[PDB]
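Visitor: fold the following and give me the result.
(chains A, B, C, D, E, F, G and H, ligands or ions: 4)
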Amino acid sequence: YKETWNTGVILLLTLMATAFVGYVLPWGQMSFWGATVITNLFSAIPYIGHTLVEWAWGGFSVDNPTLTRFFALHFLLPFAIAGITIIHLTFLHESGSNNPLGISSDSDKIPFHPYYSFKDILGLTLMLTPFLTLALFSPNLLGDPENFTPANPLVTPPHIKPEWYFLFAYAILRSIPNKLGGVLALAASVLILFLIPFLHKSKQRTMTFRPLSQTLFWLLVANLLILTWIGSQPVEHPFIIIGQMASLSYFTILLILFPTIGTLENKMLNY
Amino acid sequence: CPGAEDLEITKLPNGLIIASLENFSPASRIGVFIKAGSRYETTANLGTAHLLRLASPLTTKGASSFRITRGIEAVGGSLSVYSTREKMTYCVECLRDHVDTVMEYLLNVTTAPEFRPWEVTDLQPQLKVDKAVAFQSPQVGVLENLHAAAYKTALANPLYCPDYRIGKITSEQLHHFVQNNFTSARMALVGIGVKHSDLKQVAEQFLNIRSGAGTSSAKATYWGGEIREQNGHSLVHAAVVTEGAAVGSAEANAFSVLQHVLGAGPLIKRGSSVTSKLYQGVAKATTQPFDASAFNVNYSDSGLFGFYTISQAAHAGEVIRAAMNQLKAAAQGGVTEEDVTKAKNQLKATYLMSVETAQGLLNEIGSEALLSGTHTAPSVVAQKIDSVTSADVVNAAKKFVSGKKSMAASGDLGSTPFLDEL
Amino acid sequence: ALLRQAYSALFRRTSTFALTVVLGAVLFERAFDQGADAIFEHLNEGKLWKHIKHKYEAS
Amino acid sequence: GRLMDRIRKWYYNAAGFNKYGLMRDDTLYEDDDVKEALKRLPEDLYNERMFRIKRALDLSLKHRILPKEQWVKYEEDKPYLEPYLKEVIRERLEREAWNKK
Amino acid sequence: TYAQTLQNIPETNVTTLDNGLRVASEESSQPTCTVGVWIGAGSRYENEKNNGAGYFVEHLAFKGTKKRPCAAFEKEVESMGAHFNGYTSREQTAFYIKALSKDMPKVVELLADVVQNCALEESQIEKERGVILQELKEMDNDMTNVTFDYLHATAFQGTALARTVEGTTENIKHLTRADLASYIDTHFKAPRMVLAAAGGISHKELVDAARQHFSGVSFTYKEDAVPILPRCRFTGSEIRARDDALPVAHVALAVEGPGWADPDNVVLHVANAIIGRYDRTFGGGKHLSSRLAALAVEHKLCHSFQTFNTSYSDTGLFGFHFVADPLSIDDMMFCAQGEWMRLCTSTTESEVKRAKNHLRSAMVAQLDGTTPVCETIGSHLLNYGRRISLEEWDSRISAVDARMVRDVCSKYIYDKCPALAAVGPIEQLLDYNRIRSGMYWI
Amino acid sequence: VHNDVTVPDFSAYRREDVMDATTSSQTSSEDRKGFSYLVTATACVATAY
Amino acid sequence: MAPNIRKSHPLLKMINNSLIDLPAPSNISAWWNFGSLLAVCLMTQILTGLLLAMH
Amino acid sequence: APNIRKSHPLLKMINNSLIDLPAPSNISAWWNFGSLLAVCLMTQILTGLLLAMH
Ligand code: HEM
Ligand code: HEM
Ligand code: HEM
Ligand SMILES: CO/C=C(/C(=O)OC)c1ccccc1Oc1cc(Oc2ccccc2C#N)ncn1
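Guide: Numbering: from 1, shown residues only, chains lettered A, B, ... in the order given. Ligands and ions are numbered 1, 2, ... in the order given. Pasting the structure now:
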């Protein structure tokens, strides 16, 4: 469902930018250093590098004029997310939902209400429990203690690392030693999602009845846990090599293996 | 360089006749004439001949629906199917240098149809359209009902698929119809603008559905009924006929001539027809606009003869009566020896002019090579035409005033007479 | 005839019409600015720093 | 020898759609060619396909499968659509080719 | 081969009688023939007060001459099996006869008798007056012709070409024996006429029979002079005749054409062949090569559509006409204009290659019979001042290529203010401005 | 009937070059279009600035 | 206009064709629950976000 | 559908409200304020964000 998918990738990118600029607002140590590390990456773009960066900062370093514009952005983007979400669902309604067997469900459709209004409300409380259990019984489990210290430009924290949900990308970033290649590699780690619709070779829609693709799928998921883990570790042996392996297999699996195994499976169905 | 060529005409072992004439025209026109039509239809498969007519562009075993149309159009060619109640012609035209190309599709369409169910299913709603445009001419509606009132079978069958049958014809029926009629002994491969050896090498080493004469049409039983259609139209079309003469019949020429004597179509634009006894007769009868002509059809084992009359509702009475009195007056020796002379000329001219058309010529040639196997020279057909006494004509007329009449009328018949009031 | 030439060369094919607007803007700006600034300074002789600057400009 | 056949029959069982009572062709993603192909299917084949699918979706929402007895056997899987689908693709490639020339 | 057959076509013989009349013919080996006189007259030559005269004259041309009254005349033609027909357009009129070559001379005499001695019987005129008035009401229900009339009415608004051939209700209710007499005496004259014949006829025997019945000689230099007509100004504009009670809408759109003499007309015709025509009874349906045809089919865009290139001496009309249901006018128009833009910007050698073959077959098909061959001669002379053989047409048509179609089309279509005529339930078709915009950028 | 219908007179609005019914209006067309398009192209430049 | 106001109204009609009478596959699993959670997630972030922004 | 201005799920919206949208032929200048209000709004939001950043 190409458009529903592409608007979805846009939702993801906007969500990341939002969380990124939101993270700076408390102005703790990781707030400032994360902002500093990441935004400096772009001064590596050729010719227009330093310019774009200094423009974004509103000066020569992450400072007050950066904070005020990040607050403005953080307040704004969520509304763009809400807007684009409407588009997401609009494109979606053009086709309706896909289903787990990947075959036409026109022969068996049911009204959203009460079936899914109830299923979704139930799904809401099932998730909401672990959420609140965390926010109430372990408030700081996921946060960096470094952020309980006011930002200090003259004291680099020993381990500048992101929030769990960015770790996997941080790992890929550091996998390519070379400021420019790493930035591209970083960008690509998410932009890769725009290519998925073009790498589908299977004659079937889902992986429900595709055992080879299913294991490749769980390899990928495991691959991402590894990158997440690598992203939280210092840049040293054995983490450095493991990092490059997982970063390399990440792109191989999506760009090469998935489309290849898909074709292979088409042959094994005598197609 | 090019000059006077001669109209060759072979006949293969299977009975497949091949006519041919090279007139060095920059364009060719090949055709496949066949003895088939709504005449061979049964109450069971009515309309199948009609649908077959529209099915000419459907995929065949050699070419696809797509390639047929694209392929022909590519060389600026054409492909069409004309047909009567008892003959079907599949012809194509194109510049001389493309004959071989256009030929493939022609050959494919007539001898290798596939009638794929889906293609056939999508095509049927088209009979509804095709038929609707045709019936815009009241002319066509009464003729349908005429053959229905004039016969109990074969020829009584409509030329346009009946309504109740649209969407019910099947690939099986199409196939059976073709297998049982499109047989080498019922087909002729005519072809103007081509060398005979060539058109012959094609017919043989290529045509395959063959042998026999398959299904044979039931005899044309005459009914003599009267079908009337009340539909409001300000103009009433009426046609009163009687069993006429068959084709290849000696009695044919007699009627054809009685046709022109009574009048068969105007020769002068917006002009009155004085040479038309029938026209002139009715003219003296009514005062308002109208039209009247001599109707004459010659079939394999029968024919119909009479008059056809368009007229304002309130005057259909006077107009049809007049058309009658003018036929009786003719059966009672009301025919000058001159009238017979004028007619014979109009007939010869009409015939001769009706062949200047590539289409008209091919039709002429092939019509014979199918219901004969020979080409009656123009001088011979001339000799046959004038060799018609003034008596023959008055006899033909008699046969009408005497024979059992069948009538077909449609419009605001509120003042139209019934066959038994004539 | 300029209008005809203009039409044929510039305004007929949409590609050239866009090229004319761009090239036209680049030239219009350069000229329009110089002109306006020209006007503004004349209407304000000896009032702008540009004007009095020389008096203290002398290292 | 019978290698390709050992593999296929293996993948076939590994895939598992036969546990829903679906034929291989029932599992095809309905792109443009497949849609045309389906329109050409005879009524009976079409209604059977429809039931098989409706049945599968019902099993799927129930999180069940058919009893081992009802599973489609590798060698009894009828390739009811492959014939039509091939012709549709053949026709399409002809046009594509021709519209290029 | 095709090439050769074209060369071996008997030449057209043209010779001029000192009185200004031209006699042309193509002798074939046919026992039947057609001879007639094509006149450079029509409604364009009429004026605001005699508009409809040439048509009124067309209704009398057959009701007898002075030498032989009505009954006598008809009876003489009928009795010989000859067919007498004719017509009258905006810039051309013709009266021709179909008979056996054997009567070629008796025919010629009848012709000359008609154009030169029309009786113009006072009692007849009052009768044809009522007849013409009915033919107007009949033709009024022919949307296709109502549309092309309106197209002219506006495309050439304020000029001679803006008038219909039949004339006005007033002109017809009042035209006089004089006006008709005058019209004839003013327009039917040797220098402006052509006696053409085709079939089995001897050019000689023809011209001899000609000199004999087309004697009338001129004295002054004026009589030998063919009058040049005042040029008609084209106007990009529209006329919308709306009647939602009509079942289908008709729409015709056109830009100004070059006029007979221009070689581009060859390319223009090739262009129209690429777009072609359609109608719900074409069996090719969705596989037709015409892109517009295919679209019309796929999307049920119209009941029919045609492209045309109507030429005139000094101008013309290059456009298209279509019939559609109220709710598909917009898409049809949209696609149609789209195809025109394709012509100017992206024609393919493949397309022209095919358009050319279709055109060849077309020209050849226009010479199928004696009447159609005779109609060609009458016209070729009257418009090109000579006969253009198929061999020549073919030569010209073969020189046309993609690159050339694009340039010519761009030159006549691209960014031009078109003339638009719409009749019927046309609410969905709208705005001249929008249509004008469909005139540029593929 | 439609034969009695004619286009009103637009002399009150016609541009000078197409005022005369006996003159080809094509000759002055690139002029009329060239002018109006010149205004437009200028509006664009003003706006692009 | 129409019988029930859930279809006629220019707004409810939207709420109906996307959250009530909207045709859904009968067999979609729990993995299809994340869209709505994402939507609710978003409403909640915006809400708590504004409340924090005010201080 | 023939033109992509009607088929597309988004352009279709832009078309049915700013291009092919049926408007009275005689509306005056008093009907120009809705669009100005819209433009006015886009401009306030724009200049507002630019100011909010400082
Ligand atoms: C703020 C984030 C997003 C919101 C609020 C959102 C919301 C929704 C909703 C409510 C649905 C319908 C219910 C469902 O199928 O789960 C949906 C479906 C879908 N979304 Fe999202 N989505 C978001 C992000 C994304 C992303 C990142 C992608 C992928 C890059 C995406 C891809 C899809 C697709 C392809 C569907 C179709 C589901 C199917 O197969 O039936 N969405 N989304
Ligand atoms: C897409 C929804 C949003 C996301 C993903 C998001 C994310 C974040 C994150 C990651 C933080 C830092 C949390 C921390 O302190 O460790 C943050 C802070 C903040 N957000 Fe949001 N936010 C969202 C929407 C909003 C909105 C709409 C507002 C209000 C207009 C807002 C206002 C704030 C404020 C005031 C802070 C700073 C105070 C604080 O650190 O708690 N947020 N947000
Ligand atoms: C409906 C649109 C808006 C209206 C009617 C509006 C109106 C105003 C008014 C009346 C003022 C005071 C002006 C003054 O200084 O005298 C103001 C100030 C301000 N507005 Fe807006 N505003 C709008 C939108 C926005 C938006 C969307 C933002 C940015 C998120 C914003 C940010 C500001 C800021 C930062 C100020 C304070 C600085 C200043 O006074 O110039 N405004 N606005
Ligand atoms: C301001 O720093 C915010 C951080 C954060 O994690 O916010 C949730 C952060 C903290 C420490 C170190 C880095 C940080 O930021 C980031 C940002 C980031 O952004 C991307 C994620 C995926 C793809 C591309 C990028 C980029 N650029 N990927 C990884 N870490």
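
Visitor: show me what whichever strand or helix holds residue G:16 is in contact with.
Guide: Secondary-structure assignment from DSSP states H and E places residue G:16 in helix G:12-19. Contacts with helix G:12-19, where a contact means CB atoms under 8 Å, 6 or more residues apart in numbering or on different chains, come from A:89, A:93, A:112-113, A:117, G:5-7, G:22. Placement of C-beta: from N, CA and C, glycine included.

Visitor: what residues of that helix count as buried?
Guide: residue G:16 (16 or more other CB atoms under 10 Å in any protein chain shown).

Visitor: now stretch E:17-26
Guide: E:17, E:19-26.

Visitor: is chain B within reach of it?
Guide: No: residues of stretch E:17-26 contacting chain B under CB under 8 Å from any CB of the partner chain: none, with a closest distance of 12.6 Å.

Visitor: just the endpoints, please. Distance across that stretch?
Guide: Start-to-end span of stretch E:17-26 (CA to CA, to the nearest Å) is 18 Å.

Visitor: what's whichever residue of chain D sits closest to ligand 1 in contact with, if anything?
Guide: The minimum distance from chain D to ligand 1, using CB to the nearest ligand atom, falls at residue D:29 (12.6 Å). Contact partners of residue D:29, counting by CB under 8 Å, 6+ apart, are A:102, A:202-205.

Visitor: if we can go back for a sec, could you identify the helix or strand that succeeds the helix holding residue G:16?
Guide: Counting by DSSP H and E, what follows helix G:12-19 is strand G:23-25.

Visitor: buried residues, that next one. List them.
Guide: Those would be G:24-25, for strand G:23-25 by 16+ other CB under 10 Å.

Visitor: determine which two of the contacts of residue D:29 are furthest apart.
Guide: The distance between the two most remote of the contacts of residue D:29 (CB to CB) is 10.6 Å, for A:102 and A:203.

Visitor: any part of stretch E:93-101 near chain B?
Guide: Yes: remark: stretch E:93-101 sits within contact range of chain B at E:98-100, by CB under 8 Å from any CB.

Visitor: pretty sure residue A:232 is touching residue A:161, no?
Guide: Yes: between residue A:232 and residue A:161 there is a contact under CB atoms under 8 Å: 5.7 Å.

Visitor: for residue A:35, give its distance to ligand 3.
Guide: According to CB to the nearest ligand atom, to the nearest Å, residue A:35 stands 21 Å off from ligand 3.

Visitor: coming back round to it: between residue A:232 and residue A:161, tell me which one has more neighbours.
Guide: Higher neighbour count among residue A:232 and residue A:161: residue A:161, with 20 against 16, using other CB atoms under 10 Å in any protein chain shown.

Visitor: enumerate the residues of chain F near chain E.
Guide: So chain F meets chain E at F:1-7, F:9-10, F:18, F:20-26, F:29, F:33 (CB under 8 Å from any CB).

Visitor: give me that answer again for 10 Å
Guide: F:1-11, F:14, F:18-26, F:29-30, F:32-33, F:37 (CB under 10 Å from any CB of the partner chain).

Visitor: and for chain D?
Guide: D:95, D:98-101.

Visitor: again with the stretch 101-250 of chain A
Guide: Close to chain E, as judged by CB under 10 Å from any CB, the stretch 101-250 of chain A has no residues.

Visitor: which residue is nearest the middle of the chain?
Guide: I'll assume chain A. When CA atoms, centre = their mean is applied to chain A, the residue found nearest the centroid is residue A:190 (6.0 Å).

Visitor: chain D is the one I meant
Guide: Using CA atoms, centre = their mean, the most central residue of chain D is residue D:25, at 0.4 Å.

Visitor: in this structure that residue contacts residue D:48, no?
Guide: No: assessed by CB atoms under 10 Å, residue D:25 is found out of contact with residue D:48, at 11.3 Å.
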